[PDB]
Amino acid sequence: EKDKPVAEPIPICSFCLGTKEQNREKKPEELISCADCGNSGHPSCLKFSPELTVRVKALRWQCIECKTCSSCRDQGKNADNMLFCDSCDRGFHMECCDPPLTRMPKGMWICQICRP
């Protein structure tokens, strides 16, 4: 993440078509932008909590479609079942977790990086 360059951000929310000056509640709200494709969303349109929003703004964040597994760097045939960390929004295939997961976790899920 420290190494891969960041795409030019699009200053429009892909979900509501507002800018940083107007979200769905007619209020200003800064965008977050995918580092790989540049497409953007308001945290409120992405349904991110304030805490998750703070963490992803400090990371090389990827949108839902661009998200690659932090362990294997792939999307692959099992991409749709990639888990998204509820602390940092990184993606992990279940088979790439440490330890590997046979089944979907229940409730909020925290990845191997965020776990103390």
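Don't overthink the numbering: it's just position in the shown sequence, from 1. The term rigid core refers to the most C-alpha atoms you can superpose between the two forms while keeping them within 1.5 Å.
Undergrad: How do 41-49 and 79-87 compare in 6 other deposited structures of this protein: which one has C-alphas farther from this form after the rigid core is matched?
TA: Of the two stretches, the larger average C-alpha offset in 6 other deposited structures of this protein falls on 79-87.
Undergrad: For a rigid core alignment of each structure in 6 other deposited structures of this protein onto the shown form, which stretch has the higher root mean square Cα deviation: 96-104 or 11-19?
TA: Of 96-104 and 11-19, the stretch deviating more in 6 other deposited structures of this protein is 96-104.
Undergrad: Pick between 60-68 and 45-53: the one whose mean CA B-factor in the entry is higher.
TA: Per the PDB entry, the higher value belongs to 45-53.
Undergrad: So 69-77 or 34-42, which one's hotter by mean CA B-factor in the entry?
TA: Comparing 69-77 with 34-42, the higher average CA B-factor belongs to 69-77.
Undergrad: Please say which third, lowest, middle or highest, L17 falls into when its CA temperature factor is compared across its chain.
TA: It falls in the bottom third of the chain.
Undergrad: Once the chain's modelled residues are ordered by C-alpha B factor and cut into thirds, is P9 in the lowest, middle or highest one?
TA: Lowest third - that is where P9 ends up once the chain's C-alpha B-factors are sorted.
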